Amino acid sequence: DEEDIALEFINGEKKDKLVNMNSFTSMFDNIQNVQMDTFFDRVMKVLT
Amino acid sequence: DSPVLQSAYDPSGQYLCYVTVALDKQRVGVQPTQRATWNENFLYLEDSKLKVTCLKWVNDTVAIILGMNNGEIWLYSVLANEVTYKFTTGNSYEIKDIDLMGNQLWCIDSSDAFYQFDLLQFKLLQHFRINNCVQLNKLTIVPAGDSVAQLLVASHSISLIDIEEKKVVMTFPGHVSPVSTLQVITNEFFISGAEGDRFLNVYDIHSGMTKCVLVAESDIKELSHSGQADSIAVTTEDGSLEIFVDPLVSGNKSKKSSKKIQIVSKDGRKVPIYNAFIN
Amino acid sequence: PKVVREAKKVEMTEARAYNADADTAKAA
Amino acid sequence: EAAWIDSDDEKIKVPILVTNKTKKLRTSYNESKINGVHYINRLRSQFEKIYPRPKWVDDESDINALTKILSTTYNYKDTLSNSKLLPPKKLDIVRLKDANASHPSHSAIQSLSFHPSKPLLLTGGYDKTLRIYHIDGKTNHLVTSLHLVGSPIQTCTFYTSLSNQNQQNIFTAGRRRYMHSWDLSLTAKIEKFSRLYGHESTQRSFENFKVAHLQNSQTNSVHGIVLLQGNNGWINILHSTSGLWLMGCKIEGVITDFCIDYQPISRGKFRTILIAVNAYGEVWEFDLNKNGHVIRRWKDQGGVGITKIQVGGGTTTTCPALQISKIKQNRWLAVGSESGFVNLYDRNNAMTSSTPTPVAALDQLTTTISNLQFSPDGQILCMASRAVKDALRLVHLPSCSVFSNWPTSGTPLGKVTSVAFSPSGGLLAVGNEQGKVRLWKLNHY
Amino acid sequence: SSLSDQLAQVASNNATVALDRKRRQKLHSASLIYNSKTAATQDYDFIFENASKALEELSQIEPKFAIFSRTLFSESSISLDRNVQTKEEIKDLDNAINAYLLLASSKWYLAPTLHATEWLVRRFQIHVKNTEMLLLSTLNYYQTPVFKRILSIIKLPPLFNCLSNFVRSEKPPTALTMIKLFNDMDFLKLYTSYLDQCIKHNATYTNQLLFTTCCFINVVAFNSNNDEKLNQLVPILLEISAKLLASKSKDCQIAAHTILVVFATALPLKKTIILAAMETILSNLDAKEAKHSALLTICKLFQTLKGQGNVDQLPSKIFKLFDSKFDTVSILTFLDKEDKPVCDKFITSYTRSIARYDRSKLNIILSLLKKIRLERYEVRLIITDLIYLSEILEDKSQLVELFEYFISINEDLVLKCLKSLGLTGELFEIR
Amino acid sequence: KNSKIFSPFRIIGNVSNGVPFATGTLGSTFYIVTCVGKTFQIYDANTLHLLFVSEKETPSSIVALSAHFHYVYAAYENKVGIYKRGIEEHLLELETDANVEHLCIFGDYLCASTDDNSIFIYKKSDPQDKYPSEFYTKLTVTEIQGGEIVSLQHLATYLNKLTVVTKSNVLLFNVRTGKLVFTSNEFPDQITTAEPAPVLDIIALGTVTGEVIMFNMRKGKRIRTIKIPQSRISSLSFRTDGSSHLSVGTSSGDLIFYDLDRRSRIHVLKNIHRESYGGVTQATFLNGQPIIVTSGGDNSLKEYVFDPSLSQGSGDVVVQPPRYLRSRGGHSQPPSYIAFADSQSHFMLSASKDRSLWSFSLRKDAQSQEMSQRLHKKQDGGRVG
RNA sequence: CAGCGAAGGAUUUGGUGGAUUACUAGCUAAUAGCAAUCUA
């Protein structure tokens with residue numbers, strides 16, 4: 001049943017966001033005097 | 001070109017083992033050569049890039065030894081459908097040829113190493129390598145009974161090897177290309193034939209002198225000799241069969257083929273012969 | 001414009017090397 | 001300080017002024033012979049001023065976990081087989097020998113199917129012949145070849161039953177009121193289905209059929225059904241051995257395509273669902289292991305000219321199960337349209353909503369979707385259009401992102417009029433209008 | 001080579017020496033405050049005295065400029081000429097200039113630093129001698145007129161080649177020009193050495209960390225479609241991530257967290273690299289915002305991990321280190337958040353490491369896998385090692401109630417794992 | 001069999017065969033003496049021109065060759081030949097039947113290691129003559145002291161001592177008193193190469209698992225260790241122009257460059273030579289120079305150069321990767337076909353089993369060039385397959 | 001459009017290396033020294 005285990009392993013894979021060329025181009029506008037943790041969650045919103 | 005990658009008869013020519021690709025994986029099947037005495041189940045190589053590089057019928061549970069390209073000799077019974085035992089060397093080098101005498105299996109490696117295994121003990125007995133033999137792709141045990149002295153190894157250039165000293169005792173001028181058949185005919189002669197040439201030559205294993213040259217009229221794929229040296233049937237690249245009848249007699253230095261067999265259909269389509277057997 | 005990955009024309013220079021002929025002494 | 005003293009240099013005594021190189025390591029003009037340890041120290045300082053002392057020797061001798069693992073590794077990605085699922089955005093796909101290159105086709109290759117077990121590829125087209133090829137890498141040869149006179153073929157399928165997996169039928173059909181069924185026996189015994197058992201008015205052409213498995217559900221006896229797409233909304237389901245009309249399922253609109261989903265129930269029992277799409281975009285699902293009754297009716301979000309539905313990720317009609325316990329529920333469902341838009345639904349959650357939203361709508365190729373097939377693992381979908389040249393894309397999923405490195409501008413895809421995936425080898429066959437099946441191998445499998 | 005080439009080389013060597021009046025005027029009119037016609041008539045005493053005033057203002061703002069008043073801004077330096085002392089005195093005053101520049105990189109929004117580094121521009125010629133450190137220090141300020149001014153008077157280095165159409169221009173360089181500047185590999189090595197000196201002398205400020213992280217993740221984004229450029233780029237940005245994680249600033253630590261999370265979601269890194277990355281993350285974790293970013297970073301870095309071996313028990317050293325930085329309440333609370341992060345493979349590895357390495361905290365793994373939902377292979381591996389736990393040690397109520405949860409959901413799967421190894425009646429006789 | 005029409009002249013098209021070559025330095029220029037079967041060939045390292053070919057073929061294959069200033073020492077079957085300008089000046093017969101397989105030359109001493117783990121020391125007669133000529137003593141490395149001798153070197157300022165690198169150990173002999181001064185501790189894997197560093201009394205050892213040890217031969221310790229996993233190390237070289245780089249050479253054909261000062265890895269040249277023919281067999285920095293000469297068993301000899309750094313202030317941290325410079329080469333497989341290109345007997349076309357068509361010069365070996373296989377454009381304008 | 005068509009194709013350009021005469025090694029105060037140095 002190893003083929004069934006391999007199919008459930010490739011079946012339990014969830015859709016993710018991939019990095020593009022221009023997934024992070026619109027961050028320079030608001031890296032001005034914001035805090036670095038706000039930058040981290042602004043990046044994590046793009047990644048998710 | 002032919003789909004059958006490897007193929008060999010059992011001794012007495014009653015079954016044929018053949019490795020063909022099946023949708024990117026090798027498969028090894030056995031067919032009876034006469035139905036009056038299909039076989040629809042194969043051994044499947046489960047990896048897409050593992051493939052059989054040589055195969056040899058053992059002689060009595062009947063089995064094949066399949067020399068793979070990952071440093072393994074698989075031993076596969078044909079009535080059942082599993083590899084019964086997996087010989088392995090210490091390496092990942094593909095193995096270029098195997099042979100056996102009795103229960104004593106010998107094999108050559110792509111790193112020009114010699115390995116010896118025992119089919120009765122399932123153990124790697126010896127591992128060595130000898131100088132000035134560096135592109136080996138054939139070995140053949142010269143038979144002397146249960147003594148397995150004198151290997152006969154080819155690299156485009158046949159060399160006779162004493163295994164007690166692990167050294168070369170004769171050197172034969174081989175060919176200009178890698179040797180593809182290297183087979184012992186009598187207790188004093190061996191035939192050899194290379195890749196992409198239509199010339200066999202029979203050497204005297206005691207002196208080094210070439211007795212005769214046998215000339216096919218197309219590039220030789222396989223050969224078979226009858227068990228008493230009286231006839232040699234080679235099968236060529238254009239799908240023909242050529243029989244040299246009594247080649248070891250006095251057409252004096254080089255002999256042509258005596259008989260030539262080809263197969264056509266009822267149409268005019270010429271089907272090719274691969275891998276015949278003579279007795 | 002990107003940075004300019006151009007190769008210079010290479011000439012060898014005069015280097016000093018320790019030779020080991022002074023690393024052997026004889027006894028009286 | 002030192003791990004050895006040799007007791008010979010102390011009693012050696014060298015000259016200095018005999019050669020010009022040692023003539024420089026004097027400290028006076030009266031020194032002519034010096035001791036050995038002195039002489040060793042003089043030329044040690046001389047060696048140090050020829051090659052100056054670097055900082056790596058006396059600087060150091062041998063939270064740093066990342067720095068250490070970077071200084072030891074040389075490759076930085078997953079190696080070969082510890083991946084088990086495809087990397088997105090870059091394929092790994094070699095080209096093999098063109099499968100029908102041994103024996104050419106005299107028409108556009110209209111349908112194409114691999115065998116479920118054997119290494120066989122069946123091609124067929126409007127030149128009313130069907131050819132089987134033993135495929136491998138190097139030499140794709142022709143097994144056999146059967147020319148049905150006066151019957152151009154449009155769909156041809158390897159059927160292999162679930163009970164004994166020993167039948168190996170080929171069902172083939174075109175724009176005719178019959179459908180042939182060749183029983184594979186290696187003369188050739190073929191039969192002809194030409195009776196709709198009272199239902200000939202609603203089935204005037206046997207072109208669009210699909211073959212599937214059905215369970216009796218009072219015995220555990222399966223049998224194959226062929227499913228014919230008819231005129232009004234009709235799907236006529238009939239037995240694949242006796243040809244008896246079993247049931248019929250009518251959708252409301254212009255029936256354009258349909259697919260077969262299976263779902264397991266218990267040990268040795270499964271259920272067959274027919275999924276049929278209107279031209280407008282509304283989808284019916286019929287349970288047909290009972291009487292052919294609707295269990296779900298939903299609507300495709302967007303989509304106005306709908307040409308092709310497909311499921312994938314489990315056992316489709318093109319990745320068939322050889323054994324009844326290996327039947328899987330399909331995860332993905334792609335509805336491909338006339339504008340080239342392919343909605344993609346994820347049926348692990350989109351069986352409940354009844355207006356389900358797609359997980360992505362692909363838009364990469366711009367003319368009419370005529371093939372879309374799922375790879376047997378259900379990680380690639382293959383969009384293909386027979387309208388312009390080279391219109392084929394392989395979209396990776398779950399990520400729903402098209403592979404950007406294949407096909408290139410120099411792939412000889414042609415005008416892609418059929419496509420097929422191998423059930424085991426990871427291997428595409430792509431048939432174009434010139435009569436050529438081109439063959440590729442995906443090196444992930 | 002040619003004579004005009006060799007003479008261009010000797011001009012570039014003798015760039016700063018004033019050999020007549022016209023070269024002295026063209027070379028002394030390069031100011032950072034005044035225009036050329038005023039700057040050519042000013043003296044050294046005038047610009048020194050108001051630069052010393054501005055250094056007193058800058059020093060009462062930040063008291064680390066007083067030693068620059070001792071050496072670089074003293075009154076012996078009015079008469080100190082740059083190109084009259086040897087290479088050793090030159091390297092002494094050039095690391096003095098580097099110290100001043102990476103100290104005053106943060107202060108570039110307030111006019112005392114402009115009037116103070118005016119004297120480094122006009123006495124020590126740092127716009128043409130120490131120019132790489134000047135560009136690298138004020139790179140953050142590229143939308144501002146002070147970077148416009150240093151670009152107008154700068155002589156541009158060969159690594160900074162793409163700014164050559166924005167020199168003596170009225171419009172600032174754009175962000176896409178900044179990403180094209182950072183996209184080089186030699187520029188990346190240069191900037192990481194600059195950051196290494198920043199991290200060493202403890203001058204990393206948050207506007208710099210924001211700009212640096214933005215340009216780094218844009219470099220990774222630009223190179224996200226060629227694996228050979230990503231593979232050239234990995235031991236540069238992971239090395240600078242290690243050197244940012246090896247410092248004390250919470251801001252630079254979460255800058256490294258951002259770089260690591262973007263880089264691991266851009267390409268599938270090795271398992272051992274990801275584990276050593278989480279070890280370097282946890283080995284200096286002291287803040288709270290750093291803890292928030294560190295938990296999110298370790299979750300995403302374990303999420304982006306494929307193949308046979310994604311959800312093993314993480315080993316004993318790294319699991320007890322992760323325990324000492326994050327106890328049970330922290331992990332359970334963070335999973336109870338309504339924003340729903342994706343913590344699947346990491347939480348599976350965590351519970352399997354608890355079952356191999358703790359063997360007391362099993363009620364908490366019942367509560368947390370009651371909280372978040374997992375996949376079939378995740379819960380299959382969880383119940384297989386719980387089966388092995390039952391067969392190694394005596395089976396008490398916490399393991400029993402865990403199997404009651406694994407019976408209350410997906411009992412067919414626990415039957416499938418018992419039939420793959422064991423039996424259901426034998427397991428009920430066990431517990 | 002000797003002939004009476006044709007007499008042997010030369011064997012052209014050969015550059016190396018994977019014996020580790022020797023470099024030598026006349027004045028401020030460098031020459032590179034590479035073995036081609038039974039002759040060696042001296043090349044001018046500034047332009048890779050063939051200066052000299054050894055005058056007679058040796059009775060067996062040359063197996064270890066070194067080069068001091070004007071003289072080249074080539075060890076074949078039993079004996080060591082001392083050659084100047086190709087023409088052999090002296091022949092040192094060893095008193096054994098064992099095959100000499102390593103040698104070093106320092107001072108008045110030539111030291112030649114055979115394969116029965118004996119070492120033969122030869123001495124000059126008077127320190128003004130040119131080469132060591134008379135027999136002096138014999139040294140022996142027995143099985144208690146160390147394994148098979150894997151290298152034989154003399155690291156500098158060591159008054160008449162010899163570092164013998166065995167497969168597990170490092171011994172240090174005094175070659176005047178015949179004594180074993182110092183035997184180090186063992187090494188947990190078999191060491192394959194050795195190279196003396198330009199740092200004082202430091203040797204660098206390369207193992208059969210992937211690590212470079214930096215042994216300090218006076219303290220008896222190891223200074224540092226560099227790990228290159230799953231790579232057998234076949235060469236070691238040091239940069240000596242004020243940039244502390246090390247270059248290791250890996251038998252899968254790779255040349256890896258390390259900074260020793262800041263402990264980073266500068267660059268990797270992958271597939272610099274064929275693994276099937278031995279990988280990179282000898283790589284050495286011409287000293288004081290940023291150029292490194294590699295040679296492999298695939299009949300090829302290359303040079304790589306380091307351009308000066310692209311950052312005008314940093315430099316030491318922005319190291320531009322090594323680029324390719326001149327190289328000589330021939331066929332890596334035996335040739336399959338032969339033709340003469342013209343009636344003047346100047347060029348000859350030559351095709352081999354390694355699928356290359358070379359055009360070899362019978363007049364000047366620099367003119368030998370590989371015929372290129374870069375296809376033209378299609379005549380109509382369609383695509384080529 | 002047809003046709004050609006292997007994980008892309010075309011055009012243009014900067015730099016370097018090798019050939020463009022037929023391969024006997026660098027320096028110097030040269031029958032030899034040096035090349036770590038010519039000088040006491």
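A. Spotlight on the protein's contact with RNA strand G. Around RNA strand G, the structure places 68 residues, and the nearest of them are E6(C), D390(D), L50(F), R85(F) and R383(F). Of all RNA strand G atoms lying within 4 Å of any protein atom, the proportion belonging to sugar or phosphate reaches 53%. At 2.6 Å, a side-chain N or O of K24(D) approaches a sugar or linking oxygen of RNA strand G. Contact between RNA strand G and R10(F): a base nitrogen at 3.2 Å from a side-chain N or O atom of the residue. Among the secondary structure elements, those contributing two or more residues to the surface near RNA strand G are α1 (36-50) and β3 (93-95) of chain D together with β4 (49-53) and β28 (323-329) of chain F. Tallied by class, the residues present in the surface near RNA strand G amount to 21 nonpolar, 21 polar and 26 charged.

B. Just the packing of helix α11 (residues 186-201) of chain E against helix α13 (residues 227-245) of chain E, in detail. Residues and elements named next belong to chain E. As a packed pair, α11 and α13 sit with axes 10 Å apart at the nearest point and diverge in direction by 10°. Classified by the interaxial angle, the pair formed by α11 and α13 is roughly parallel. Here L188, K189, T192, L195, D196 and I199 of α11 lie close against α13, whose contacting residues are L233, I236, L237, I240, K243 and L244. Considered class by class, the residues forming the contact of α11 with α13 number 8 nonpolar, 1 polar and 3 charged.

C. Here's a closer look at helix α6 (residues 87-103) of chain E. All names here are of chain E. When the terminal C-alpha atoms of α6 are compared, their 24 Å separation across 17 residues agrees well with the 24 Å that a helix rising 1.5 Å per residue should span. Along α6, the positions that sit buried rather than exposed are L93, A96, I97, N98, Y100, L101 and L102. Where α6 is buried, its residues meet α4 (44-61), α5 (66-70), α7 (112-123), α8 (131-137) and α11.

D. View of the pairing of strand β16 (residues 257-266) of chain D. All names here are of chain D. Most of β16 is tucked away: 7 of the 10 residues are buried. Across 9 bridges, the pairing between β16 and strand β17 (residues 269-277) is antiparallel. Across the sheet, residue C259 finds its bridge partner in β17, namely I275. Taken together, β16 and the strand that follows it, β17, pair antiparallel across an intervening segment of 2 residues, in which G268 is found at a positive phi of about 80°.

E. The interface of chain E and chain F, seen in detail. With 9 residues of chain E at the interface, the matching set in chain F holds 8 residues. Interface of chain E and chain F: buried area, both sides summed, is about 750 Å²; carbon and sulfur atoms make up 56% of it. Three residues, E132(E), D186(E) and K189(E), lead the burial of chain E against chain F; their summed loss comes to 50% of the area buried on that side. At the boundary of chain E with chain F, the tally comes to 0 salt bridges. Run the count over chain E and chain F and you get 1 residue pair in polar contact. When contributions to the side of chain E that touches chain F are tallied by element, the ones reaching two or more residues are α8 and α11 of chain E. The dominant element in the side of chain E that touches chain F, judged by the number of residues it contributes, is α11(E), at 4 residues. Here the side of chain E that touches chain F is built from residues that sort into 4 nonpolar, 2 polar and 3 charged.

F. Up close: the pattern of salt bridges. Scanning all chains against the criterion turns up 53 salt bridges over all chains. Notably, a salt bridge pairs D186(E) with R5(C), separated by 2.4 Å at the nearest N-O pair. For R5(C), a relative accessible area of 48% corresponds to the partly exposed category. One salt bridge connects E394(E) with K396(E), and the closest N-O pair in it is separated by 2.4 Å. Residue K396(E) is classed as partly exposed on the basis of its relative accessible area, which comes to 36%.

G. Representation of the sheet that holds strand β2 (residues 15-21) of chain B in the model. Residues and elements named next belong to chain B. Here 4 strands make up an open sheet; going across it, the order is β1-β2-β3-β4 and the pairing antiparallel. The open sheet is flanked by β1 (4-9) and β4 (43-44), the only strands paired with a single partner. Here strand β3 (residues 26-32) pairs with β4 via 2 bridges, running antiparallel. If you follow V28 over to β4, its bridge partner there is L43.

H. Quick peek at the interface of chain D and chain F. Contacts between the two partners involve 33 residues from chain D and, on the opposite side, 40 residues from chain F. Taken over both partners, the interface formed by chain D and chain F buries close to 3,100 Å², and the fraction arising from carbon and sulfur atoms is 57%. When the buried surface of chain D facing chain F is broken down by residue, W4(D), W56(D) and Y74(D) rank first, second and third, together holding 29% of it. At the junction of chain D and chain F, the tally comes to 5 salt bridges. Here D6(D) makes a salt bridge to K161(F), at a shortest N to O gap of 3.3 Å.

I. Molecular detail of the environment of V184(B). Residue and element names in this part refer to chain B. When you line up the elements, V184 lands in strand β17 (residues 179-184). Linking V184 and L152, residues 32 residues apart in sequence, is a C-alpha distance of 9.1 Å. Excluding its chain neighbours within four sequence positions, the residues that come into contact with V184 are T140, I141, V142, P143, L152, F189, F190 and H225.

J. Local environment of the side chain of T258(E). Along the polypeptide, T258(E) turns up in helix α14 (residues 250-266). Ignoring anything within four residues of it in the chain, the contact list for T258(E) reads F39(A), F40(A), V43(A), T213(E) and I217(E).

K. Spotlight on the sheet that holds β4(F). Residue and element names in this part refer to chain F. Read from one edge to the other, the open sheet built from 4 strands follows the order β1-β2-β3-β4, with strand pairing classed as antiparallel. Each having just a single partner strand, β1 (22-26) and β4 make up the two edges of the open sheet. Across this sheet, the average inter-strand angle for adjacent strands is 30°, counted without regard to direction. Of the pairings in the sheet, the one linking strand β2 (residues 29-36) to strand β3 (residues 39-44) comprises 6 bridges and is antiparallel in character. Bridge pairing links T34 to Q41 in β3.

L. Representation of the packing of helix α18 (residues 328-335) of chain E against helix α20 (residues 363-371) of chain E within the structure. Residues and elements named next belong to chain E. Packing of α18 against α20 brings their axes to within 9 Å, and their N-to-C directions diverge by 15°. Overall, the two elements α18 and α20 adopt an arrangement that is roughly parallel. Crossing of α18 over α20 shows left-handed handedness. Here α18 contributes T328, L332 and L335 to the contact with α20, which in turn contributes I364, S367, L368 and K371. Classifying every residue of the contact of α18 with α20 by side-chain character gives 4 nonpolar, 2 polar and 1 charged.

Rules of the game
- Residues numbered from 1 in each chain as written, not as in the entry; some residues may be left out.
- Chains lettered and ligands numbered in written order.
- Part of a larger assembly, values for the part shown.
- Heavy atoms only, no water.
- Residues with missing side-chain atoms left out of burial classes, pairs and counts.
- Near = heavy atom within 4 Å.
- Polar contact = N/O pair within 3.5 Å; in protein donor to acceptor, adjacent residues only side chain to side chain.
- Helix = DSSP H or I, 4+ residues; strand = E, 2+ residues; numbered from the N terminus.
- Nonpolar A, V, L, I, M, F, W, Y, C, P; charged D, E, K, R; others polar.
- Axes fitted to C-alpha atoms, helices over the stretch in contact; angles between N-to-C directions.
- Parallel < 35°, antiparallel > 145°, perpendicular 65-115°, else oblique.
- Contact = heavy atoms within 4.5 Å.
- Expected span 1.5 Å × (residues − 1).
- Buried < 20%, exposed > 50% of the residue type's maximum accessible area, 1.4 Å probe, protein only.
- Pairing = 2+ DSSP bridges.
- Buried area = accessible area lost by both parts, 1.4 Å probe.
- Salt bridge = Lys/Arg side-chain N within 4 Å of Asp/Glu carboxyl O.
- Left-handed = near helix turned anticlockwise from the far one by under 90°.

These figures capture arrangement, not role.
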